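First comes one chain, alone, set out as structure tokens in the form solved without uridine 5'-triphosphate.
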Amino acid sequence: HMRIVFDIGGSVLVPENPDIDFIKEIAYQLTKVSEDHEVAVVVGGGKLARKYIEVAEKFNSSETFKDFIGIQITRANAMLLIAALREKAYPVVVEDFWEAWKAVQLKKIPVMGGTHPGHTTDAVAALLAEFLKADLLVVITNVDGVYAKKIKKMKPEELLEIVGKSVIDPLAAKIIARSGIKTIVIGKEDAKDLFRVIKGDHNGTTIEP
């Protein structure tokens, strides 16, 4: 079997408000996938995070404190997934990697939010995939993949170039490259059938050495 880390974008889980249908589905699918593989999840902030961050900006708070606000929101979102995962999820929002590790040992799905200023949840999932020696890293974002056109197959090296030229955070790309983490970038559409997405059946981007 495989150890997989799923990075679910905030805008996808919370486009405006929480997308209940999508949460119901992604939760069910994650459960099925965990029947055969070891699963771990990291959730983003989305619209809600940007609203609270914007409020802090009006009070001219530091950029660091804004990140801390964005982080607290992501943990709020993660709780919605943990709820949706029922008895299969780890009860608390995992805040560090070894904790996610403990959940895996207990056969429970750990759900993380952000962890530190300066990063995005993409960076968290990448570092999580690297810490867990995960076999696969699935990034579900707001776009079909890595684009004028769409690149289907590429390597970490090629990924750092595009990032330097949205989609995926630079720190996340550095981590995916330094470790050579097989990563898959798909949109909300392919995420409607994860079970097959991990089988290579998807219309996204596959980044691997």
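All residue numbers are counted from 1 along the displayed sequence.
Below, we refer to the form deposited with uridine 5'-triphosphate bound, which is not included among the displayed structures.
### Message
At 2.4 angstroms from backbone or C-beta atoms, do at least 3 atoms of uridine 5'-triphosphate clash after superposing the site C-alphas onto the pose in the bound PDB entry, making the site blocked, or is it open?
### Response
Open, since after superposition no atom of the placed ligand lies within 2.4 Å of the backbone or C-beta atoms.
#### Entry: All of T31, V93 and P110 with a heavy atom within 4.5 Å of uridine 5'-triphosphate in the bound PDB entry
Not a single listed residue reaches uridine 5'-triphosphate in the bound PDB entry, so no.
#### Entry: in the bound PDB entry, segment of 129-137, 116-124, 82-90, 98-106 with a heavy atom within 4.5 Å of uridine 5'-triphosphate
That would be stretch 116-124.
### Query
So which of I184, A27, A177, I53 gets a non-hydrogen atom within 4.5 Å of uridine 5'-triphosphate in the bound PDB entry?
Going through each option in turn, the one that passes is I53.
### Task
Find out whether any non-hydrogen atom of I71 is located within 4.5 angstroms of uridine 5'-triphosphate in the bound PDB entry, and reply yes or no.
Close contact exists here: in the bound PDB entry, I71 approaches uridine 5'-triphosphate to within 4.5 Å, heavy atoms only.
### Message
Is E38 part of the interface with uridine 5'-triphosphate in the bound PDB entry - any heavy atom within 4.5 Å?
### Response
It does not: once uridine 5'-triphosphate is placed as it appears in the bound PDB entry, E38 has no heavy atom within 4.5 Å of it.
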